[PDB]
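The block underneath contains the structure these notes are about, expressed in structure tokens.
Labels below follow one simple rule: chain letters A, B, ... track the order of the sequence lines, proteins then strands, and each chain is numbered from 1.
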Protein chains: 4
Amino acid sequence: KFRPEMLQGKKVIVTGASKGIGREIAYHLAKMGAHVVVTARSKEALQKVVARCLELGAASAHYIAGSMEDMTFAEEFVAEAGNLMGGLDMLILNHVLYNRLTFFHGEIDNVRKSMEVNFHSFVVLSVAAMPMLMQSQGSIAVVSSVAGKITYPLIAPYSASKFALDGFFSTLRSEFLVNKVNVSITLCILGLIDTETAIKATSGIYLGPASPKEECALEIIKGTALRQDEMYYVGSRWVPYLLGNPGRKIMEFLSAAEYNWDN
Amino acid sequence: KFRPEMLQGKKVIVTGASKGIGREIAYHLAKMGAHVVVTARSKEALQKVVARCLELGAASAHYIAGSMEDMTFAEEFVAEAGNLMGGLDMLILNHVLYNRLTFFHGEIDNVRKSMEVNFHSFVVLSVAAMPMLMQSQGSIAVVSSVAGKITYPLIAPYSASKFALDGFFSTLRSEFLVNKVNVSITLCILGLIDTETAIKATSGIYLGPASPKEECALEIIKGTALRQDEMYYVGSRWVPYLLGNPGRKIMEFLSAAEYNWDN
Amino acid sequence: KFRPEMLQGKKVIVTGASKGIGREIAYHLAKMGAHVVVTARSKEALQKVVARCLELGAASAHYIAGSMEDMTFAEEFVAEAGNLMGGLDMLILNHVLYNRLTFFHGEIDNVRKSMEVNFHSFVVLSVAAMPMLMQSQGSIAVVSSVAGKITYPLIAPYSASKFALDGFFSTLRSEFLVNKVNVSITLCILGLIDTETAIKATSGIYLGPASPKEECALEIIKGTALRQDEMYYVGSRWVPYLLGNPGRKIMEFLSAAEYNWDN
Amino acid sequence: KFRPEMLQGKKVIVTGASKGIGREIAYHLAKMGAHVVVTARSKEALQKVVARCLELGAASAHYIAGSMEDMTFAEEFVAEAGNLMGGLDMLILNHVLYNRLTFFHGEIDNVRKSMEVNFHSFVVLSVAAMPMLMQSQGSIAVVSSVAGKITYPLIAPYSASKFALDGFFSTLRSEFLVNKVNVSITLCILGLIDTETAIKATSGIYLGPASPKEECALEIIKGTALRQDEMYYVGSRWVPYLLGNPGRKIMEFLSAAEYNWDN
Ligand SMILES: NC(=O)c1ccc[n+]([C@@H]2O[C@H](COP(=O)([O-])OP(=O)(O)OC[C@H]3O[C@@H](n4cnc5c(N)ncnc54)[C@H](OP(=O)(O)O)[C@@H]3O)[C@@H](O)[C@H]2O)c1
Ligand SMILES: NC(=O)c1ccc[n+]([C@@H]2O[C@H](COP(=O)([O-])OP(=O)(O)OC[C@H]3O[C@@H](n4cnc5c(N)ncnc54)[C@H](OP(=O)(O)O)[C@@H]3O)[C@@H](O)[C@H]2O)c1
Ligand SMILES: NC(=O)c1ccc[n+]([C@@H]2O[C@H](COP(=O)([O-])OP(=O)(O)OC[C@H]3O[C@@H](n4cnc5c(N)ncnc54)[C@H](OP(=O)(O)O)[C@@H]3O)[C@@H](O)[C@H]2O)c1
Ligand SMILES: NC(=O)c1ccc[n+]([C@@H]2O[C@H](COP(=O)([O-])OP(=O)(O)OC[C@H]3O[C@@H](n4cnc5c(N)ncnc54)[C@H](OP(=O)(O)O)[C@@H]3O)[C@@H](O)[C@H]2O)c1
Ligand SMILES: CCN1CCC[C@@H]1C(=O)N[C@H]1[C@@H]2C[C@H]3C[C@@H](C2)C[C@@H]1C3
Ligand SMILES: CCN1CCC[C@@H]1C(=O)N[C@H]1[C@@H]2C[C@H]3C[C@@H](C2)C[C@@H]1C3
Ligand SMILES: CCN1CCC[C@@H]1C(=O)N[C@H]1[C@@H]2C[C@H]3C[C@@H](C2)C[C@@H]1C3
Ligand SMILES: CCN1CCC[C@@H]1C(=O)N[C@H]1[C@@H]2C[C@H]3C[C@@H](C2)C[C@@H]1C3
């Protein structure tokens, strides 16, 4: 069971933390006494998040601005963040490329850009982070969506990127389990959350209820700190069970017995 | 009920058709009397396939050699294949990057190349083909894997790209259904198949049973000509129900109430 | 889509109609202009229901009083009710034995009596009605419970009888589909309803929320009239899917091919 | 991990033990050194089983002949068998009424008689055994079928009675767990088994393969000894997953939390 003391003095990176859920994550970490380093494109927005973190009582707080479209930035961001904190205990991968809802009709560049920003960068970050995470037996939060488990019309590029995160990171978890690598990987599956981006983008099109971002952010922390495989925050107590896919869990357990683990 | 006459005089691209399942797909289409354009990188191997297709009874058979890592090739390949046949009725997307079963050790370049060859090129080919396929009320076969519905240790880059196909193409199918677009999309879910690539790549590592490549190829063709949403060929009548994800089907169905469709 | 016009002039039996859901079912049918014959053991209560049905607009309304513990009453009841209305279109089997919530302690006599009242009478009633129902291509509603799909502490005798109802009536439906017998059978799965009996019986014991009896009654009517296999009224949009058991549906589908239907 | 010495000197009742699975269960217990009392109606068949059990190594073997249609016999049988062995460690409820396959067309007596033999007698036997089983912290095997979890055409009376067993005994188990009563209850879910009765009844109607009775009997004994909630013996490795019903397990878990257990 979660205690906020579990983040006291912990060294945590938060991406996409200028606004929305990621900003709320940073705020909760600050109140728990964590060291944070926040990132996003907007310097202006990030300065303001850092000031507020300090006031809430973070152990320390710093920002680094850049685009996660740029793989070299992602790699160098992590090195400098670990240098600022003297290590890393938790990597929270929360950023995402904004894409307007439309029926797909040939926007290949957006398919490319969505995969770069929402997927390849997450992998780059995690690779860059992995030595420090192994040293501290730390944790990664991979922030995804109900739309990275099922499909929804009007968001094909985004959903493909989120499916990919499941395929990659769940594979990596399985490998870490067999190899006795004590770095936890928590895939966070979120429903509609009441950030600004969401409410505007869905206005007039998607009518589901939205859940509060402040709560959403807290549950992401809690699940990742408890080293959960998955964390569901989706507006219903029943939906996590419909998304949990027990058939997949069965097939994975049985298929594992087919490997020659000695070789 | 499938009849081989359904492919007589039809115009069919097969990618990854120099060997393995792809080659088998090409032979079957030839026996059914289709027009075919095959592709892969190896010009020598494609020629062998084309001569064999002519002998087997193909209406027409041509090849174009190139790499699906190059999105410009992919775009040009379709327009040329379409000029060679005078149109396009079916696009079989079967190619995949050769990989080996090894734990992920941070090989970022391979994640990137896998995603290009296995995923982004499928999208690029589909978009190039879409005009011709709307004209013919045609079909797309998307060749995937059980590893694009559940994860397996030692293949994280491949599984990520395959999961990505499901999120992308399944979303597209749903948009095509609401918009009454007469282009079907069949996600092919394959278990282990006795291609030379799979036998050698699993030897001493993964010891599950394999199914026969010739029948595998015929089942892709059949399920695609019959315009099925999904086609499972996995060595079991039971397993397709544990991969079909009843929970996801329920959520997607219920999701229709959540859109303002008139808008 | 349901229209109340579908029950106008229809000939309907309602059992356990002196209070609770059964009473409400009677009222709703009256408003739609059905003919109703109602039953239970309390004469005075039944006389009040009949009068109110007439006031509300029933084409006709009669009661016959007796105990469904008595299999000869059940049979004779059906014959008299069809005689009163000149036929039968719908059999609503709603009565149940009162049972308090305690741990089972060897009360064998109660296991017996619960099976007589809740199960055997329902079979006997159905058997008596069947000729009339085949003549009208009519319908049976079998009123059951979430406790006829899963188990709950403190109601073992009751649950046993509700489970029997599913095994029996669901087999009968399967036999009727196969034999082109056009009598529909609707298993109604009710969550907690705010009848006086349920409120009293669960008070300080079972604290889950209760749905309104008036709507519950209407939903039984609509689902049965629409000829659904099953009708869930459990106060959740999602729970019906955790109850209706996709695994069972798959198995029943696959097993049907194991029969030698020609024979 | 089961070991056969687990049953050496244990005291076991086997009903329906004159032929079929019940006979094979008696024989396996004998081999393991158990004390057995066997019952069915056929005196002469039970004599043969007893002599053979003694040959195989049974610590002791007795029979009592009688019909489980007779509830008084059932009650007295248990007291007498416990007298004969000086206690009871395991009650294996295996008997069933044979019912010809037929479309249901109003055989109300068969519905009654099947519920008496197949269900009521199991309850009465369990209640009569309960003091001895509480004293030995013993076990009950409730032998059911795939057709006590899903429905099959032509066997409605049988299926109703097996469904009832699940509702009753699974409720009692959940009460025993809460009341810390150490008597285990194992529901045995069997596929088609090659007893002479099954093979003759299904000949030319139901074409599914039948599994061996000898192994079926051993698995019942093993799962019951291991104090499992359910034991599946069915034909396919996948079927226990499909019949396992995770939705029911979830709902039972979450419902249980709605009780005021203090009260
Ligand atoms: N809101 C929802 O309903 C919902 C539902 C399901 C899942 N989620 C998920 O939750 C996470 C957060 O969503 P949100 O609604 O809080 O999003 P948001 O309010 O749009 O915030 C996005 C954050 O990511 C950053 N970002 C965007 N493009 C970037 C780029 N190229 N490089 C670096 N940073 C970039 C932003 O800052 P800059 O613009 O300054 O870079 C911003 O800080 C996402 O992973 C998302 O898919 C959200
Ligand atoms: N075999 C299995 O057990 C199995 C299981 C599940 C799913 N699948 C799937 O079924 C499909 C067929 O697999 P397979 O075993 O038949 O594969 P395979 O025998 O290795 O054949 C792969 C084909 O793809 C082509 N290819 C590889 N790299 C390419 C590139 N960069 N650009 C263009 N073409 C390239 C190949 O020719 P070049 O090398 O000459 O380009 C070859 O024709 C794949 O999508 C795969 O994911 C296979
Ligand atoms: N209320 C709930 O929360 C709930 C939950 C799940 C399912 N259900 C189901 O819905 C149905 C009705 O529930 P309810 O709450 O409305 O029950 P109720 O208020 O107790 O009414 C039961 C009716 O059945 C009759 N009945 C009882 N014993 C009888 C007997 N021996 N012979 C003939 N009739 C008898 C009663 O009248 P007399 O006493 O005049 O005979 C009464 O009309 C039952 O099938 C039940 O299992 C209810
Ligand atoms: N065989 C299958 O495919 C199959 C499949 C699923 C489940 N099962 C289950 O496995 C269990 C055994 O099946 P089986 O195939 O072995 O049955 P079986 O060969 O027909 O034997 C039934 C036993 O129960 C007895 N019995 C029948 N009527 C009785 C009565 N009125 N009172 C006392 N005993 C009576 C019989 O002896 P007397 O006639 O001498 O009384 C016989 O000993 C049954 O519970 C059944 O539901 C069997
Ligand atoms: C409609 C599908 N929604 C419903 C539940 C989750 C999924 C989603 O990720 N939406 C997108 C969309 C609206 C929100 C803000 C951005 C644009 C990012 C997502 C959430
Ligand atoms: C072990 C996972 N197998 C079980 C069947 C699905 C899956 C897989 O896609 N294998 C891949 C892997 C091994 C073989 C050669 C290539 C890489 C392509 C597939 C077959
Ligand atoms: C707590 C189990 N409830 C939860 C929801 C449905 C199941 C039920 O069948 N209750 C019956 C039982 C006890 C109560 C009074 C009557 C007989 C009617 C129901 C409520
Ligand atoms: C058709 C459903 N079968 C198929 C698998 C198990 C189930 C069953 O229990 N059948 C009955 C039926 C045939 C056999 C002998 C009796 C009559 C007892 C059962 C097995």
Side-chain angles (χ1 to χ4, degrees), chain C residues 104 106-116 118-120 156-157 159-161 163-164 167-168, chain D residues 12-23 25-26 37-43 45-46 63-82 88 90-99 109-133 138-145 147-148 155 157-173 183 185-188 190 197 220 224:
Chain C
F104 183 72
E107 304 88 349
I108 292 164
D109 272 19
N110 179 265
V111 172
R112 173 166 298 281
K113 183 174 162 161
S114 114
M115 203 55 81
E116 293 297 329
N118 312 341
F119 174 76
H120 286 133
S159 181
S161 77
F163 274 63
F168 184 78
Chain D
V12 190
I13 283 179
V14 194
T15 75
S18 77
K19 63 185 187 190
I21 291 154
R23 176 166 61 193
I25 286 171
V37 177
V38 298
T39 188
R41 295 164 295 177
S42 178
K43 179 180 179 163
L46 289 163
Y63 77 94
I64 308 179
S67 175
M68 293 299 180
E69 201 186 348
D70 191 351
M71 294 308 127
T72 295
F73 171 70
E75 283 187 1
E76 310 201 328
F77 162 69
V78 178
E80 218 190 304
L88 183 71
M90 187 188 281
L91 175 64
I92 300 186
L93 300 172
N94 160 265
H95 70 263
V96 75
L97 181 68
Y98 161 78
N99 252 42
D109 184 41
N110 288 173
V111 172
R112 177 160 298 273
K113 189 166 163 210
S114 291
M115 196 66 71
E116 292 294 329
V117 179
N118 304 171
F119 171 79
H120 286 314
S121 73
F122 283 29
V123 180
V124 170
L125 290 164
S126 304
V127 174
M130 203 60 73
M132 294 190 254
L133 292 171
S139 303
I140 308 182
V142 182
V143 178
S144 185
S145 177
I155 65 176
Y158 175 96
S159 172
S161 74
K162 291 309 196 169
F163 270 70
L165 289 176
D166 186 5
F168 186 76
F169 289 97
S170 309
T171 305
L172 192 69
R173 196 154 59 235
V183 173
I185 294 167
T186 291
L187 187 77
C188 297
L190 312 184
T197 295
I220 278 160
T224 305

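Atom CG of residue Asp70(D) and atom CD of residue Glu75(D) lie 10.0 Å apart, to the nearest 0.5 angstrom. Rounding to the nearest 0.5 angstrom, the gap separating the CZ atom in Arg41(D) from the OG atom in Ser67(D) is 5.5 Å. Atom-to-atom distance recorded for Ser126(D):OG and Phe104(C):CZ is 9.0 Å, nearest 0.5 angstrom. Separating the CD1 atom in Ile185(D) from the CG atom in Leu172(D) is a distance of 4.0 Å, to the nearest 0.5 Å. One distance of note links OG of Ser144(D) with CG of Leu93(D); it measures 11.5 Å at 0.5 Å rounding. To the nearest 0.5 angstrom, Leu125(D) atom CG is 6.0 Å from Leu91(D) atom CG.
Of all heavy-atom pairs between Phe168(D) and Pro157(C), the closest is CD1-N, 4.4 Å. Considering every non-hydrogen atom in both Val111(D) and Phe119(C), the closest pair reads CG1-CE2, 3.7 Å.
With sequence neighbours excluded, the residues forming a side-chain contact (heavy atoms from CB on, under 4.5 Å) with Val183(D) are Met130(D), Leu133(D), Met134(D), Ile140(D), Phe176(D), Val181(D), listed by chain and number. Residues satisfying the salt bridge (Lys or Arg N to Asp or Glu O under 4.0 Å) criterion with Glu116(D), sequence neighbours excluded, are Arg112(C). Take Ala147(D) and apply the side-chain contact (heavy atoms from CB on, under 4.5 Å) test, not counting sequence neighbours, and it matches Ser145(D), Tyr152(D), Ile155(D), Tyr158(D). The side-chain hydrogen bond (donor to acceptor under 3.5 Å, both in side chains) search around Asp166(D) returns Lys149(D), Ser170(D), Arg248(D), not counting sequence neighbours. When the salt bridge (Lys or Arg N to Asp or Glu O under 4.0 Å) test is applied to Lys43(D), no partner is found at least two apart in sequence or on another chain. Remark: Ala40(D) pairs with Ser18(D), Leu46(D) by the side-chain contact (heavy atoms from CB on, under 4.5 Å) rule, at least two apart or across chains. Qualifying ring pair (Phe, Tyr, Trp, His ring centres under 6.0 Å) partners for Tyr63(D), counting only residues two or more places apart in sequence or in other chains: none. Under the rule for a side-chain hydrogen bond (donor to acceptor under 3.5 Å, both in side chains), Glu76(D) has no partner lying at least two apart in sequence or in another chain. Evaluation of the side-chain hydrogen bond (donor to acceptor under 3.5 Å, both in side chains) rule for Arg173(D) yields no partner, not counting sequence neighbours. Applying the side-chain contact (heavy atoms from CB on, under 4.5 Å) rule to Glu80(D) yields the partners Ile64(D); only residues at least two apart in sequence or on another chain are considered. Residues meeting the side-chain hydrogen bond (donor to acceptor under 3.5 Å, both in side chains) test with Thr15(D), sequence neighbours left out: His95(D). Listed by chain and residue number, nothing satisfies the ring pair (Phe, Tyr, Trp, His ring centres under 6.0 Å) test with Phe163(C) (two or more places apart in sequence, or in another chain).
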Verdict with reasoning, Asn110(D) to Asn99(D), per side-chain contact (heavy atoms from CB on, under 4.5 Å): CA-CA 8 Å; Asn110(D) 288 173; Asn99(D) 252 42; 4.0 Å; yes
Worked check of side-chain contact (heavy atoms from CB on, under 4.5 Å) between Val96(D) and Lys162(D): CA-CA 10 Å; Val96(D) 75; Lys162(D) 291 309 196 169; 4.0 Å; yes
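Using a 4.5 Å heavy-atom cutoff, the side chains of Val12(D) and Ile25(D) are not in contact. Counting heavy atoms from C-beta outward, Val124(D) and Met68(D) have side chains that stay 4.5 Å or more apart.
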